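Student: What follows is a single structure, and I will ask about it in a moment.
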Amino acid sequence: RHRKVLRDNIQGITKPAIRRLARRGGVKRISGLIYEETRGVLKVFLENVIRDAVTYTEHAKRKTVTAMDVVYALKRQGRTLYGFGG
Amino acid sequence: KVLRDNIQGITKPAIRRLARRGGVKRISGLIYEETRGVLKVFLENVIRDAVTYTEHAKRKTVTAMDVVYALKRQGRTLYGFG
Amino acid sequence: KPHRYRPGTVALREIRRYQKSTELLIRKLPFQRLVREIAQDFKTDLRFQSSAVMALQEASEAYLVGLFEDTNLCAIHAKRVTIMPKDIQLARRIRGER
Amino acid sequence: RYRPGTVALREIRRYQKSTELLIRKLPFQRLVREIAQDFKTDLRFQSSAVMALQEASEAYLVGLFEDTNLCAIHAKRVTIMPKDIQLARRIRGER
Amino acid sequence: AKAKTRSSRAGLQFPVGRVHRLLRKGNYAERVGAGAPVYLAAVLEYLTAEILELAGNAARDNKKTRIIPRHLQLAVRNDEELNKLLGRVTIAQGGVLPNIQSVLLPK
Amino acid sequence: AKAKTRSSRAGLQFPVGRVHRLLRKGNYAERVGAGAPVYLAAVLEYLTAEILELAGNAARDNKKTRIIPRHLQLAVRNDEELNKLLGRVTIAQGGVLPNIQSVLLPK
Amino acid sequence: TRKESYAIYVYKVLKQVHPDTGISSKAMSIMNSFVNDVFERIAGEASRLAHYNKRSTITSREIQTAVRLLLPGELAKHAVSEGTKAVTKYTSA
Amino acid sequence: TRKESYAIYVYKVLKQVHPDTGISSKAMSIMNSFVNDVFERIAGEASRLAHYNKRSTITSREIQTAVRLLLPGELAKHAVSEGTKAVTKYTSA
Amino acid sequence: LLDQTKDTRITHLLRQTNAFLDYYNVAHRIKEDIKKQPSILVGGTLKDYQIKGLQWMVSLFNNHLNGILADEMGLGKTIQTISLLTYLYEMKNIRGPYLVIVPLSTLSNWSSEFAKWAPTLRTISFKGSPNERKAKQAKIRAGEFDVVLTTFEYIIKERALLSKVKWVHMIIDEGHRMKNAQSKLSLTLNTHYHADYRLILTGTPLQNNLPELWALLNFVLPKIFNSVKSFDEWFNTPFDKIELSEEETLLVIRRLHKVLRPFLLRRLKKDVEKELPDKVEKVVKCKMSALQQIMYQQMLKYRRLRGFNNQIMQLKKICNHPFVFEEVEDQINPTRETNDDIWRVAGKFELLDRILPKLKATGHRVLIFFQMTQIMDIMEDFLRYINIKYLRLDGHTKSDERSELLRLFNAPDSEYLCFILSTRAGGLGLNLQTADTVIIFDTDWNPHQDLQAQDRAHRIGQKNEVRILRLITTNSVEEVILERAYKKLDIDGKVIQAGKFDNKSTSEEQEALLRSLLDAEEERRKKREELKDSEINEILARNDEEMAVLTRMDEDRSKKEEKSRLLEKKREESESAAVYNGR
DNA sequence: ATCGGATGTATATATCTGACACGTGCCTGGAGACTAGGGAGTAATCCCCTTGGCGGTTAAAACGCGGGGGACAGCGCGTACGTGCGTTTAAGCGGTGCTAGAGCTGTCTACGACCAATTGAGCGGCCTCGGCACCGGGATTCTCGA
DNA sequence: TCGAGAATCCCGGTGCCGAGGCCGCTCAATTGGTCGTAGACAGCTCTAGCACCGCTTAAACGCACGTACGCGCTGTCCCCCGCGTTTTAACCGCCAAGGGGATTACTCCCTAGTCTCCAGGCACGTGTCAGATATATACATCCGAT
């Protein structure tokens, strides 16, 4: 029963990684300021999704978030994901 | 019934007006064709779906409800017509 | 020396005019002739309730408008004040409409 | 030394090839849980779920950077910038 | 054997009966719980209250006693969470929010 | 009194029976016509045939005998009408089409 | 053939918020189509919930959840409070 | 508890198009979730059709229409041809 | 000349060796000579040259220096290393860890050799899933060992565990795997930390390009790879020519390994047992078939009109790959059926159609080899088309599959006359002493694989001759590669000479080999700058009685008229051949 | 200019291992077969709404055009961003161990479906007076040369 | 910078038509009843998620270094905006006439609902082989120097 306080984990997304994603996208030359912008966007997005998933969960009276929960959340927001079951 | 070049019926003055309502300040002269292109496409899609609904109901008429269901189909929800 | 406004001012009066009122900006008869002309391709000999045509017009104008909004955002992003075909093409590309 | 900007154009051709996940697990997981605490507390995640969030995430930012890149190119710059992204999320209507 | 309406029993303005019919005859599930039609009608009442309130205010600020579509448009779009909700809705006769980008202005 | 399966009677690879169950137990209408489950299973068979065909080809062109998600991604996106259909789908382990804007290339 | 609508209901609500304000016909047709819309959404969510959990019966609790999904921000908290109160008084009388 | 899927069916189809090709497990899970998806769409359209015309019963003709809405371009023509043939042979035997 | 630089390296090289604790004197400074195999070694006794080679390896690390052993296949190298070890356990009182490394298949042979000879020692093996290695690994981590036996692989997989622990002596086998220091192992062994002393083997050291002597030699001592480009001295020098690559190398052959006499060793079977009865060394020429002439001679334009020159562009031309794209086969037949001109197109196939039947009458079991696996297809279809009993072994032939193929072929009565291979593809180790006829194909980059193909046959116990026809077509790019590998044959022959004066550590021998190959270069260079059933029967005649049955074959095929080589007009086969050759 | 080093590249090896394929057994969901009836289908009659034709009125589109402000292209510069090498740390992975909590199952029981009867609210007709369009006229303000 | 003229708002008057308030009045509400069953709830098992350790090691990071690009300016050129006059084509009002929907009552058969009765699909298995990686052999590219 650890006391759980997590802070600045958003730093866990790292300039190297974001840089990689950029590469996969086809970005050529990044600007140094992006690295905060992305963390902003991402954090938002997961806020929405994790929100919906958690909601589904509590509705089912489960303490666990199954993958199906997520897939229904993404499906809810109009991003359909395949491969995790349905 | 043969209708041709009615797309000209959309006129540089009108498109210009729409631009204004949008908040456009200064148009470029080439837009006037671009818009006719876009519009023509859009109505192609919608009129398509509407007509489909109609023929399915075995009616010779396209009611407004037909359209509203077509727009609703394409993800543009319209209100006020039912 | 007749009087003339600084070009670009008359527009900025027009905008403040049109963003006010609600009226429909496309002449009926042309727009109707258009819609029917398109309709012929799919099926022929069709009937339209007037209200339906009204719908197509509503959605149309209410679409192009938003289009020009966003386009305008692009042109401004380019440090130009004049929208251009490549601007629109960018817009319809970003949204994923085509 | 290579001409700067070449090493990138090798990286792109590298990454657009393969499928692997580009974010370290443990950091990303710690993130997800940290967000989760706010809404409800004391939650369980199936590993596969976390995998899902990562998948959708990366698969989102990627498209974002694609479109952004289209904007920056439209501006006759080769370097994406915060205002570029902001334009993108504005055009799509995501916020 | 004197009938009272459900919409009254909860003190609602929407016809809880009619809702409880639409759920069934709409095939939204096999069976309709009893609390549901209530709990739904309440929500609808609340939202419609929100819109009509705002459009009422703006309409008054145009010095008009009778709400017209333009008022609805401005009520929605000016508010946030509604705009968030209605974002893909199109209101006929709606017009547009007054807006101009700053850089367009002369200086 | 010897049973033949419907999926056979039409010569289909999909389980027309199972479809005709899902329609009912899914509350998609009050009553399910008889021709429908057939007519649907046919369509599904056709589409799945399309995807699997394309991914098969591309997979062969990577010199692999066993289809993996990447192959599906490339099969879809490279084709048009599918991409039109799946446009909002996200395929885990999907990667991206190889693409670079021309102006990025050196000259 | 009698069509139906919420027009009368809407109108009552109006006279509760702004006793003095008329509402033009078209501007009623909107609020009508609106309410039908929000109804179709919330119902739809109730369905695709009860389907997953393998309940066969839409109940209140679902409708609550569905609302908590669709309504953004504070409309959640307020609306939920509303319905809660409503059903409460309902059963209690 | 036995879950169900289309995996076997998909696999048969595969061996009809490419007799030699294996299909990895995950890459099956996709095609599964896919088919369930397209099914939910087409059914959904059949519903919200039969609702409007006030038919109470999904029939073939609807499914045809629904397909003609969802499938873009040529997938329309081909798929419709397919189903048509299928039901045809079905009744005829 | 550079000899004095080599002498300054006499001092300083062995200085570095002093840090890691003529050259001949100072390299042999510690001489301990024991002329019998040790006690604990059981199950027989080594040959004179064998115990003297043992004794030699002893002398190596008496002076405490690594080395190499070049001995020919089947001279007892295995038992030799065994003896060396054992001597190090008993007479040296060392015991301790010893790291030995083999190719997989051979590891069986090795285990056997530790069963017979030295039961006295723990031999740890590896195989069979991580499971067996849980037990065995944790067993070693205990400090439990005598000998630790493994393959190339589990050096990489276990490199953690094995690298982590200290070692004494490092025995590499097949060492020419070290040929390229870019090879993962070569550098991993440096990541592997170290056994105190490292040791190598080879069947054949390799290409005269000689990073090989670099890679190996350098890997023999850290001193040496510090000395890499001081090898680039005479590796640049040795690689006019009489006064350059000869009058210099009248020693420099020596002088390189006149330095390297002490720690490199070699032998030849003709030196020790010399019981190899005989075999013949022959070649033939062939014609390019007109079909493979027409547009394929022009593939210089097809280089742009498509893959890559050396293989899909080139070797296809050579009769090697008729219609691999197969649309040419389609131009002949869609149905892929038996007829002429499908097989005729190639000197390989048609040529065999000519020559083989005579052998089918003279019942000489034939060997066949390739590199590209796919030829074996049309080869089969050809043989079946003649209805010939044959066996093939691909790269997909599994180990026990291989044993079966052998014993069936090596069955005394086996009526399959021809046996098909692709040389390096399945070569590994093998013994076929039942086959009297070897025939070679195509390019075969480097000869050493060809020497493999030969060692497959004439190995001791082969009581016939061995006929060899290396199959080449006239006016053909294969001739280029052939001659390239032939000049390789020369200079690596000079390398054999290195293994000669270095081999027996004598003098009149070493100079006899000097004059030998320095004459060979003269002759060969002087030589540098149709089917005729009579001729063929002649090159096939091991006696005029073979000229008897072969010329009764020429009584029939005298009267009988042999489905020949050239394919000569079929226009749209020409223009369409330009299509597909351009596609 | 060569040219050197890192990158693909066409055939071939040797093996390693985990993941796919074929399987044997088992169970219930699907097929066969029959019955009831209600949704569906089809004549039959009615009339509300679309379409065509019209003759006017004029607002609005079309066309011309002088001119000017934006596009656009150049560019000097300075600087933030690519690269890379040397040092550090936290991810990856294999392991151990515990148990909160997922998931299933047997009863239960409240409770929603169905139905018949009752009855009042909600919807079509049907007026009306006022909110609101619209016009004209002065008041103000807002641009554009000083 | 003030001054002029066009733009636009204000106010008061005018005239109209639909927002809305009532009135019947059909029928979809509500009451008031059983009854079959979804699902709550103990209740049980086991599994999958959490915690923690110790370990290689591939990253991440810090950093110095240089140059490619973002950018600010400029000047050249011109394409679009602000206002004529011209031409027409929409608009509005009016009409008639007819098809296409809508309604209406009628027949009938396709689906639901049960009831048995299997074999098709699912779950666990133990195997072979496709990818994985390292090796062998050439040549060709590329690129960032010369």
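Please note that chains go A, B, ... in the order of the structure tokens, that every chain numbers its residues from 1, and that ligands are numbered from 1 in the order shown.
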Compile the contact shell of residue D:59 as number ranges by chain: residues with an atom at most 12 Å away, counting only C-alpha atoms (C1' of nucleotides), same-chain residues fewer than 5 positions apart removed.

Tutor: A: 21-22, 24-25, 42, 45, 79-81; D: 19-23, 51-54, 64-66; F: 88-96

Student: For the selection you just gave me, I'd like the residues written to a file as a compact mmCIF listing (two decimals), in the first residue's frame, keeping N, CA, C and O atoms.

Tutor:
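Wrote it out as result.txt, contents follow:
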# COMPACT_ATOMS: atom_id res chain seq x y z
N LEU A 21 9.68 10.40 -33.22
CA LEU A 21 8.34 10.50 -33.78
C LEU A 21 8.31 11.48 -34.94
O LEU A 21 7.85 11.15 -36.03
N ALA A 22 8.85 12.67 -34.71
CA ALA A 22 8.95 13.63 -35.79
C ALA A 22 9.54 12.99 -37.02
O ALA A 22 9.00 13.12 -38.13
N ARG A 24 9.65 9.80 -37.98
CA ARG A 24 8.72 8.91 -38.62
C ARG A 24 7.67 9.69 -39.39
O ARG A 24 7.27 9.29 -40.48
N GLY A 25 7.27 10.83 -38.86
CA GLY A 25 6.29 11.63 -39.56
C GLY A 25 6.80 12.13 -40.89
O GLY A 25 6.01 12.37 -41.80
N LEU A 42 0.01 15.85 -26.28
CA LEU A 42 -0.10 14.49 -25.79
C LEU A 42 -0.85 14.44 -24.48
O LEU A 42 -1.87 13.76 -24.35
N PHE A 45 -4.45 14.79 -24.99
CA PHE A 45 -5.09 13.66 -25.63
C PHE A 45 -5.33 12.54 -24.63
O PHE A 45 -6.47 12.09 -24.44
N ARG A 79 -11.63 7.66 -33.17
CA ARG A 79 -10.39 7.04 -33.62
C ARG A 79 -10.55 5.55 -33.39
O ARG A 79 -10.50 5.08 -32.25
N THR A 80 -10.72 4.81 -34.46
CA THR A 80 -10.97 3.38 -34.34
C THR A 80 -9.63 2.67 -34.33
O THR A 80 -8.79 2.91 -35.20
N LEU A 81 -9.44 1.80 -33.36
CA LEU A 81 -8.21 1.05 -33.22
C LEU A 81 -8.49 -0.42 -33.45
O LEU A 81 -9.52 -0.93 -33.01
N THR D 19 8.29 -0.72 -37.67
CA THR D 19 7.05 -0.54 -36.94
C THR D 19 7.21 -0.33 -35.45
O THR D 19 6.20 -0.13 -34.76
N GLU D 20 8.42 -0.38 -34.92
CA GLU D 20 8.58 -0.51 -33.48
C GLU D 20 8.05 0.73 -32.75
O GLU D 20 7.84 1.78 -33.34
N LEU D 21 7.83 0.56 -31.46
CA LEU D 21 7.24 1.61 -30.64
C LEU D 21 8.32 2.54 -30.13
O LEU D 21 9.33 2.09 -29.57
N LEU D 22 8.11 3.83 -30.28
CA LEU D 22 9.18 4.79 -30.18
C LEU D 22 9.30 5.43 -28.81
O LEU D 22 10.15 6.30 -28.62
N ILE D 23 8.48 5.04 -27.85
CA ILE D 23 8.49 5.64 -26.53
C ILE D 23 8.84 4.57 -25.51
O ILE D 23 8.30 3.46 -25.57
N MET D 51 -0.42 -0.72 -23.58
CA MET D 51 -0.01 -0.86 -24.97
C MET D 51 -0.95 -0.12 -25.90
O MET D 51 -0.51 0.54 -26.84
N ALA D 52 -2.25 -0.20 -25.64
CA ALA D 52 -3.18 0.49 -26.51
C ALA D 52 -2.95 1.99 -26.46
O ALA D 52 -2.74 2.63 -27.49
N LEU D 53 -2.94 2.56 -25.26
CA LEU D 53 -2.74 4.00 -25.16
C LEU D 53 -1.49 4.44 -25.89
O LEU D 53 -1.50 5.44 -26.61
N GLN D 54 -0.41 3.69 -25.73
CA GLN D 54 0.80 4.03 -26.46
C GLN D 54 0.56 3.99 -27.96
O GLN D 54 0.91 4.93 -28.68
N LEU D 64 -0.09 14.10 -36.68
CA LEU D 64 0.03 15.51 -36.35
C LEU D 64 1.26 16.12 -37.00
O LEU D 64 1.18 17.15 -37.66
N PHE D 65 2.42 15.47 -36.83
CA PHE D 65 3.64 16.01 -37.40
C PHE D 65 3.62 15.97 -38.91
O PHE D 65 4.19 16.86 -39.56
N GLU D 66 3.01 14.96 -39.51
CA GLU D 66 2.80 15.01 -40.95
C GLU D 66 2.15 16.33 -41.34
O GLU D 66 2.73 17.14 -42.08
N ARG F 88 -10.36 6.62 -40.87
CA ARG F 88 -10.14 6.92 -39.47
C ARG F 88 -9.67 5.73 -38.67
O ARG F 88 -9.52 5.83 -37.46
N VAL F 89 -9.45 4.61 -39.31
CA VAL F 89 -8.98 3.41 -38.64
C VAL F 89 -7.52 3.59 -38.27
O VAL F 89 -6.75 4.18 -39.03
N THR F 90 -7.13 3.07 -37.12
CA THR F 90 -5.73 2.98 -36.76
C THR F 90 -5.35 1.53 -36.51
O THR F 90 -5.98 0.83 -35.72
N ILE F 91 -4.31 1.09 -37.18
CA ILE F 91 -3.86 -0.28 -37.13
C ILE F 91 -2.64 -0.34 -36.24
O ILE F 91 -1.58 0.18 -36.60
N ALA F 92 -2.77 -0.98 -35.09
CA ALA F 92 -1.62 -1.12 -34.21
C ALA F 92 -0.51 -1.83 -34.95
O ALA F 92 -0.75 -2.64 -35.85
N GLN F 93 0.73 -1.49 -34.61
CA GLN F 93 1.90 -2.04 -35.28
C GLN F 93 1.90 -1.71 -36.76
O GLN F 93 2.51 -2.40 -37.57
N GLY F 94 1.20 -0.64 -37.13
CA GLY F 94 0.94 -0.38 -38.52
C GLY F 94 2.06 0.32 -39.25
O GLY F 94 2.24 0.11 -40.44
N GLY F 95 2.83 1.13 -38.55
CA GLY F 95 3.82 1.94 -39.21
C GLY F 95 3.16 2.98 -40.10
O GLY F 95 2.01 3.34 -39.92
N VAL F 96 3.92 3.46 -41.08
CA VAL F 96 3.44 4.49 -41.98
C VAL F 96 3.85 4.14 -43.39
O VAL F 96 4.86 3.46 -43.61

Student: With a distance cut-off of 9 Å and only C-alpha atoms (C1' of nucleotides), select the neighbouring residues of residue H:27, excluding the residue or stretch itself and same-chain residues fewer than 4 positions from it, and output the selection as number ranges by chain.

Tutor: A: 83; F: 67-72; H: 23, 31-32

Student: Any idea which chain J residues end up within 12 Å of chain E if we count only C-alpha atoms (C1' of nucleotides), as a short mmCIF file (atom, residue, chain, number, x, y, z; two decimals) with N, CA, C and O atoms (P, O5', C5', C4', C3', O3' and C1' of nucleotides), in the first residue's frame please?

Tutor:
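Produced file result-v5.cif, reproduced below:
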data_model
loop_
_atom_site.label_atom_id
_atom_site.label_comp_id
_atom_site.auth_asym_id
_atom_site.auth_seq_id
_atom_site.Cartn_x
_atom_site.Cartn_y
_atom_site.Cartn_z
P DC J 111 -37.73 -3.15 -7.60
"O5'" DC J 111 -37.25 -3.21 -9.11
"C5'" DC J 111 -36.90 -4.46 -9.66
"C4'" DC J 111 -37.67 -4.70 -10.93
"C3'" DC J 111 -38.80 -3.72 -11.14
"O3'" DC J 111 -38.92 -3.45 -12.50
"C1'" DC J 111 -39.65 -5.85 -11.19
P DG J 112 -38.35 -2.07 -13.09
"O5'" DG J 112 -38.55 -2.22 -14.65
"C5'" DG J 112 -37.67 -3.01 -15.38
"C4'" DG J 112 -38.42 -3.92 -16.31
"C3'" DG J 112 -39.45 -3.25 -17.20
"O3'" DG J 112 -39.49 -3.91 -18.42
"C1'" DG J 112 -40.49 -4.89 -15.92
P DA J 113 -40.24 -3.26 -19.67
"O5'" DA J 113 -41.12 -4.46 -20.24
"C5'" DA J 113 -40.51 -5.72 -20.45
"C4'" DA J 113 -41.50 -6.75 -20.93
"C3'" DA J 113 -42.58 -6.25 -21.86
"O3'" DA J 113 -43.00 -7.31 -22.67
"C1'" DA J 113 -43.54 -6.90 -19.81
P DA J 117 -61.82 -4.87 -21.07
"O5'" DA J 117 -62.06 -3.52 -20.26
"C5'" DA J 117 -62.05 -3.55 -18.85
"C4'" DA J 117 -61.51 -2.26 -18.29
"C3'" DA J 117 -62.23 -1.00 -18.76
"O3'" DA J 117 -63.09 -0.53 -17.74
"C1'" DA J 117 -59.85 -0.74 -18.61
P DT J 118 -63.98 0.78 -17.99
"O5'" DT J 118 -63.00 2.00 -17.62
"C5'" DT J 118 -62.32 2.02 -16.37
"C4'" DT J 118 -61.43 3.25 -16.27
"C3'" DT J 118 -62.13 4.57 -16.61
"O3'" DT J 118 -61.86 5.53 -15.61
"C1'" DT J 118 -60.13 4.37 -17.84
P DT J 119 -62.68 6.91 -15.60
"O5'" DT J 119 -61.75 7.93 -16.39
"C5'" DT J 119 -60.41 8.12 -15.99
"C4'" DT J 119 -59.73 9.16 -16.85
"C3'" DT J 119 -60.61 10.33 -17.27
"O3'" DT J 119 -59.85 11.51 -17.27
"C1'" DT J 119 -59.68 9.36 -19.15
P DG J 120 -59.62 12.32 -15.90
"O5'" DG J 120 -58.61 13.48 -16.34
"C5'" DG J 120 -57.23 13.21 -16.36
"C4'" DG J 120 -56.61 13.67 -17.66
"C3'" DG J 120 -56.77 15.15 -17.99
"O3'" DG J 120 -55.60 15.61 -18.57
"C1'" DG J 120 -57.44 13.89 -19.78
P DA J 121 -54.79 16.82 -17.91
"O5'" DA J 121 -53.40 16.76 -18.68
"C5'" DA J 121 -52.85 15.50 -18.96
"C4'" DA J 121 -52.52 15.37 -20.43
"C3'" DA J 121 -51.94 16.62 -21.06
"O3'" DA J 121 -51.02 16.25 -22.04
"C1'" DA J 121 -53.81 16.00 -22.23
P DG J 122 -49.88 17.27 -22.49
"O5'" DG J 122 -49.26 16.60 -23.79
"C5'" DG J 122 -49.86 15.45 -24.32
"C4'" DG J 122 -50.30 15.68 -25.74
"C3'" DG J 122 -49.72 16.91 -26.41
"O3'" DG J 122 -49.58 16.64 -27.78
"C1'" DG J 122 -52.02 17.08 -26.43
P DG J 130 -52.28 44.57 -28.49
"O5'" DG J 130 -50.75 44.22 -28.21
"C5'" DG J 130 -50.31 42.88 -28.33
"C4'" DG J 130 -49.20 42.75 -29.35
"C3'" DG J 130 -48.31 43.98 -29.50
"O3'" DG J 130 -47.01 43.57 -29.73
"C1'" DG J 130 -49.10 43.37 -31.57
P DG J 131 -45.83 43.96 -28.71
"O5'" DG J 131 -44.64 43.04 -29.23
"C5'" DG J 131 -44.96 41.79 -29.79
"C4'" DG J 131 -43.88 41.33 -30.74
"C3'" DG J 131 -42.58 42.07 -30.65
"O3'" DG J 131 -41.53 41.20 -31.01
"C1'" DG J 131 -43.80 42.69 -32.64
P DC J 132 -40.05 41.74 -31.28
"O5'" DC J 132 -40.06 42.01 -32.85
"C5'" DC J 132 -40.67 41.07 -33.71
"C4'" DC J 132 -40.78 41.62 -35.12
"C3'" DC J 132 -39.65 42.55 -35.53
"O3'" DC J 132 -39.28 42.28 -36.87
"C1'" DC J 132 -41.70 43.62 -35.86
#

Student: For the helix (DSSP H, G or I) assignment from backbone DSSP, which residues of stretch 37-75 of chain G qualify? Please present them as a ChimeraX atom specification.

Tutor: /G:37-52,60-70,73-75

Student: DSSP says strand (DSSP E or B) for which residues of chain H? Put them as JSON, numbers by chain?

Tutor: {"H": [22, 23, 57, 58]}

Student: Write a file of the just-selected residues containing N, CA, C and O atoms, as a PDB file, in the first residue's frame.

Tutor:
ATOM      1  N   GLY H  22       0.735 -18.049 -44.783  1.00  0.00           N
ATOM      2  CA  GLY H  22       0.354 -18.025 -43.392  1.00  0.00           C
ATOM      3  C   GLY H  22      -0.064 -16.637 -42.973  1.00  0.00           C
ATOM      4  O   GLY H  22       0.214 -15.639 -43.635  1.00  0.00           O
ATOM      5  N   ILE H  23      -0.765 -16.568 -41.848  1.00  0.00           N
ATOM      6  CA  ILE H  23      -1.261 -15.300 -41.338  1.00  0.00           C
ATOM      7  C   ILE H  23      -0.999 -15.248 -39.844  1.00  0.00           C
ATOM      8  O   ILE H  23      -1.532 -16.063 -39.087  1.00  0.00           O
ATOM      9  N   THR H  57     -38.883  -4.452 -40.300  1.00  0.00           N
ATOM     10  CA  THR H  57     -38.106  -5.653 -40.565  1.00  0.00           C
ATOM     11  C   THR H  57     -36.972  -5.381 -41.535  1.00  0.00           C
ATOM     12  O   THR H  57     -37.216  -5.056 -42.700  1.00  0.00           O
ATOM     13  N   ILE H  58     -35.740  -5.555 -41.071  1.00  0.00           N
ATOM     14  CA  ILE H  58     -34.582  -5.522 -41.953  1.00  0.00           C
ATOM     15  C   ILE H  58     -34.761  -6.581 -43.023  1.00  0.00           C
ATOM     16  O   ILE H  58     -34.987  -7.752 -42.713  1.00  0.00           O
TER      17      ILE H  58
END

Student: Kindly provide, as a PyMOL selection string, the residues of chain I having any atom no farther than 10 Å from an atom of chain J, counting only C-alpha atoms (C1' of nucleotides).

Tutor: chain I and resi 103-104+128-130+153+307-313+315+370-374+395+422+424-428

Student: Between atom CA of residue I:355 and atom CA of residue I:473, what distance in Å does the model show, to one decimal?

Tutor: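 Between these atoms lies a distance of 15.2 Å.
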
Student: What lies within 8 Å of stretch 59-74 of chain H using only C-alpha atoms (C1' of nucleotides), ignoring chain neighbours under 4 positions off, as a ChimeraX atom specification?

Tutor: /B:49,52-53,56 /F:32-37,39-40,81,84-85 /H:42-43,45-46,49-50,78-80

Student: With 10 Å as the cut-off and only C-alpha atoms (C1' of nucleotides) counted, what is the closest atom pair between each nearby residue of chain K and chain G? Distances in Å to one decimal, ordered by chain and number, as a tab-separated table.

Tutor:
residue	atom	partner	partner_atom	distance
K:18	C1'	G:25	CA	8.7
K:19	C1'	G:24	CA	7.0
K:20	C1'	G:22	CA	8.9
K:38	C1'	G:56	CA	7.4
K:39	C1'	G:55	CA	8.2
K:102	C1'	G:1	CA	9.8
K:103	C1'	G:1	CA	9.6

Student: Any idea which chain A residues end up within 12 Å of chain H if we count only C-alpha atoms, as an mmCIF file with N, CA and C atoms, in the first residue's frame please?

Tutor:
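Written file, part-v5.cif:
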data_model
loop_
_atom_site.group_PDB
_atom_site.id
_atom_site.type_symbol
_atom_site.label_atom_id
_atom_site.label_comp_id
_atom_site.auth_asym_id
_atom_site.auth_seq_id
_atom_site.Cartn_x
_atom_site.Cartn_y
_atom_site.Cartn_z
ATOM 1 N N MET A 68 -10.224 -3.575 -23.750
ATOM 2 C CA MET A 68 -11.509 -3.304 -24.372
ATOM 3 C C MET A 68 -12.059 -1.964 -23.937
ATOM 4 N N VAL A 71 -10.262 0.578 -26.173
ATOM 5 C CA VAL A 71 -10.731 0.516 -27.551
ATOM 6 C C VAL A 71 -12.115 1.121 -27.674
ATOM 7 N N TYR A 72 -12.947 0.953 -26.653
ATOM 8 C CA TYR A 72 -14.236 1.621 -26.706
ATOM 9 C C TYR A 72 -14.095 3.116 -26.496
ATOM 10 N N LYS A 75 -12.810 4.380 -29.891
ATOM 11 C CA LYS A 75 -13.962 4.311 -30.771
ATOM 12 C C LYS A 75 -14.942 5.420 -30.467
ATOM 13 N N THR A 80 -10.722 4.807 -34.463
ATOM 14 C CA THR A 80 -10.966 3.383 -34.344
ATOM 15 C C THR A 80 -9.631 2.667 -34.330
ATOM 16 N N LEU A 81 -9.441 1.798 -33.355
ATOM 17 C CA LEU A 81 -8.207 1.049 -33.222
ATOM 18 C C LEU A 81 -8.493 -0.423 -33.451
ATOM 19 N N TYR A 82 -7.592 -1.108 -34.136
ATOM 20 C CA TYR A 82 -7.748 -2.533 -34.344
ATOM 21 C C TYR A 82 -6.612 -3.285 -33.686
ATOM 22 N N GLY A 83 -6.833 -4.568 -33.492
ATOM 23 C CA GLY A 83 -5.805 -5.461 -33.051
ATOM 24 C C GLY A 83 -5.890 -5.840 -31.598
ATOM 25 N N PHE A 84 -6.589 -5.069 -30.791
ATOM 26 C CA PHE A 84 -6.702 -5.393 -29.384
ATOM 27 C C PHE A 84 -8.008 -6.069 -29.021
ATOM 28 N N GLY A 85 -8.857 -6.336 -29.984
ATOM 29 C CA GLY A 85 -9.982 -7.193 -29.688
ATOM 30 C C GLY A 85 -11.282 -6.423 -29.649
ATOM 31 N N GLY A 86 -12.369 -7.129 -29.932
ATOM 32 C CA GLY A 86 -13.683 -6.523 -30.023
ATOM 33 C C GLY A 86 -14.753 -7.488 -30.501
#
